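# PDB entry and its sequence, pasted below:
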Amino acid sequence: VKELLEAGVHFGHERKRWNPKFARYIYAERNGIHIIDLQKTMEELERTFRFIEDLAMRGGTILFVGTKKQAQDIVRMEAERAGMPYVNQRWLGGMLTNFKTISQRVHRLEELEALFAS
RNA sequence: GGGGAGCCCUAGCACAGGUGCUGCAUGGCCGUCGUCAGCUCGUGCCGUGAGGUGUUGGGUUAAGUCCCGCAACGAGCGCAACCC
């Protein structure tokens, strides 16, 4: 499934503007663009969804942050079904250092919903 | 009959007074740049740090007025509004 549906439509891309370490995950580089090796993918993927299975089998959440048309749409959609918060918007500065600030904004938006129903 | 009080007279005294200088010792009060849109606070991030950031970028407005971007998210005095 993973390997076989992946060759369905995605793998390698980008014109040789490649970061060193990333190309350790890479086989070939031809036809003009790199070729992703689905092996290391599935390695880091059994690992990934092991991590994800655990963290989801004790409750905790993780984000979906995507801000490029494509990605953007999907994330929010999936997020709603996934429950978890989505960031398809300007990932604002401080969000994960300024928790008290963003929480200010939140409580105020809750208050928007408050003073709106009155 | 005198002493005492508001009460005026004269010497003496402590004093008043002076629109005499000093706005380069000052308050207060007006000017003026100028209704020009300007001066900053808060957590976070960048910078060894002074500090920067926010406020530099584009369209727009009477406007730091609003939008877009965006390492920031906002917040106060200004502009406006509450006043005639």
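Structure's in. What do you need? Numbers count the residues shown, from 1 in each chain, chains lettered A, B, ... in the order given.

# so how far is residue A:68 from the spatially closest residue to residue A:11 that is not a sequence neighbour?
Spatially, and ignoring its direct neighbours in sequence, residue A:11 is nearest to residue A:36 (4.4 Å; CB to CB, 6 or more residues apart in numbering). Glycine gets a C-beta too; all of them are placed from N, C-alpha and C. Distance from residue A:36 to residue A:68, counting by CB to CB, to the nearest Å: 19 Å.

# okay, the two: which has more neighbours?
Taking other CB atoms under 10 Å, residue A:36 and residue A:68 do not tie; residue A:36 has more neighbours (18 against 9).

# check contacts around the more buried one.
Under the criterion of CB atoms under 8 Å, 6 or more residues apart in numbering, the neighbours of residue A:36 are A:10, A:11, A:12, A:13, A:25, A:26, A:27.

# Quick check on the residues you listed: which are buried?
Among the contacts of residue A:36, those buried by neighbour count (16 or more other CB atoms under 10 Å) are A:11, A:12, A:25.

# Serialize those residues to CSV and add fields for distance to residue A:103.
Output for the buried ones among the contacts of residue A:36, formatted as CSV (distance: CB to CB, whole Å):
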residue, distance to residue A:103
A:11, 41
A:12, 41
A:25, 38
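
# Among the residues you listed, which ones are in strands?
When the buried ones among the contacts of residue A:36 are checked against strands (DSSP state E), there are no matches.

# out of those, who's near RNA strand B?
By CB under 7 Å from any atom of the strand, no member of these lies near RNA strand B.

# The closest residue to RNA strand B within chain A and residue A:67, how far apart?
Closest to RNA strand B within chain A is residue A:93: 2.4 Å, counting by CB to the nearest atom of the strand. Using CB to CB, residue A:93 is found at 14 Å from residue A:67.

# And for residue A:12?
Distance from residue A:12 to residue A:67, counting by CB to CB: 23 Å.

# just residue A:14 next, same as before
Distance, residue A:14 to residue A:67, using CB to CB: 18 Å.

# so what's the residue nearest to residue A:82 when sequence neighbours are not counted bridging to?
Excluding the flanking residues, the one nearest residue A:82 by CB to CB, 6+ apart is residue A:64, at 7.0 Å. With DSSP bridges as the criterion, residue A:64 is bridged to residue A:86.
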